[PDB]
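Before any questions on binding or motion, here is one chain by itself as structure tokens, the form deposited in one PDB entry.
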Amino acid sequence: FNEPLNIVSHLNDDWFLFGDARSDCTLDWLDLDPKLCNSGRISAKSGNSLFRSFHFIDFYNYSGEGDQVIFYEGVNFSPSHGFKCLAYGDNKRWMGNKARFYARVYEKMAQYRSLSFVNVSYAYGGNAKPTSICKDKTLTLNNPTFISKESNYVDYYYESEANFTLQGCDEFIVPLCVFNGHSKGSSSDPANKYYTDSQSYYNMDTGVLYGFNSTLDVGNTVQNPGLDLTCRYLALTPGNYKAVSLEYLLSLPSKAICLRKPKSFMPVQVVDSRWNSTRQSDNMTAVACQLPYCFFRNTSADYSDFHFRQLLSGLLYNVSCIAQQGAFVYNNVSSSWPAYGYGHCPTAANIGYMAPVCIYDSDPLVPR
């Protein structure tokens, strides 16, 4: 009785789900029960993900607020897409970025009710403008922004800076990134001339600096491939910032995840978001989802979906307790001791079945 269930669910009506096509109600494409389409507790867009919208031009305006937050997305940025900034880049670096972004988002959404995006603007002294240096055939990155070399500079060994302000959120997730390798200015430069990308963000109000230097020696050629963007994901407080670049192109945030409304700690729930077997998936959301801030839920069957619908079907009702092992429907007794339980959780102590008169035989004239 009251074995833990492999579902995502909620303790009460105070929940919210972020998703992709498989929860996008605008119905053969859905894993989400159609009855939850009019719930007002879903932000989902087919073909998109939080990571995709965070970094690229293909943007969906995700937003939602809830005590118990659930995620069922990620797949729309995978190794099957094979995104890389440059012809001889490296998707593995982008899987790394994915993992670090989601780890930060999951961890913070255990501590805040509200997630949304804000656009970040900057003030810059020179004449140069953004350049779309990181892109491939199907995607164009636009966060961070990269500002070109000023006309008068002969090479990329220069300091450059711009100001940016974070306002309107309790905390902001921003990327701080470098091309990690021997970056090249042009093909007119000799072979042995390369750059070591350096970027920092400085909080002018507090005096705290976050810095990042390239350390690798991979390049953007068939002889020495692997140069791509390595990103860290910082949770910053509102204030006035300075983006200070010590070498190569100045970069700074164009978008932030907006975190609002602190709550008592409540772990997020994550549903594994993958393709079918014959297409390339990743487990970056699994690495990102750790105790104590996240419960990971996966099925036992390949994506071919019956099993994932029943995992999401937990969203149609309330449960007493959400724990490491799963959801406990009832609040009283169970065979398992809940670990990391939230809600009104059952005991696994021996409490027998009680009655003032125990029944042994059927009564021919009285029902039970």
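Only the largest set of C-alpha atoms that superpose within 1.5 Å between the two forms is called the rigid core. Position 1 is the first residue in the sequence shown; the rest follow in order.
One more form of this protein exists, namely the form deposited in another entry; it is left out here, but the text below deals with it.
Among the residues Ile322, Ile70, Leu32, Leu50, the single one whose Cα moves by at least 2 Å between the shown form and the other one, once the core is superposed, is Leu32. In the core-superposed comparison between the shown form and the other one, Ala355 has its Cα shifted by at least 2 Å. Core-superposed comparison between the shown form and the other one: CA of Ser313 displaced by 2 Å or more. Cα-Cα spacing of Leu312 to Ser336 is enlarged in the other entry versus the present form (difference of at least 3 Å).
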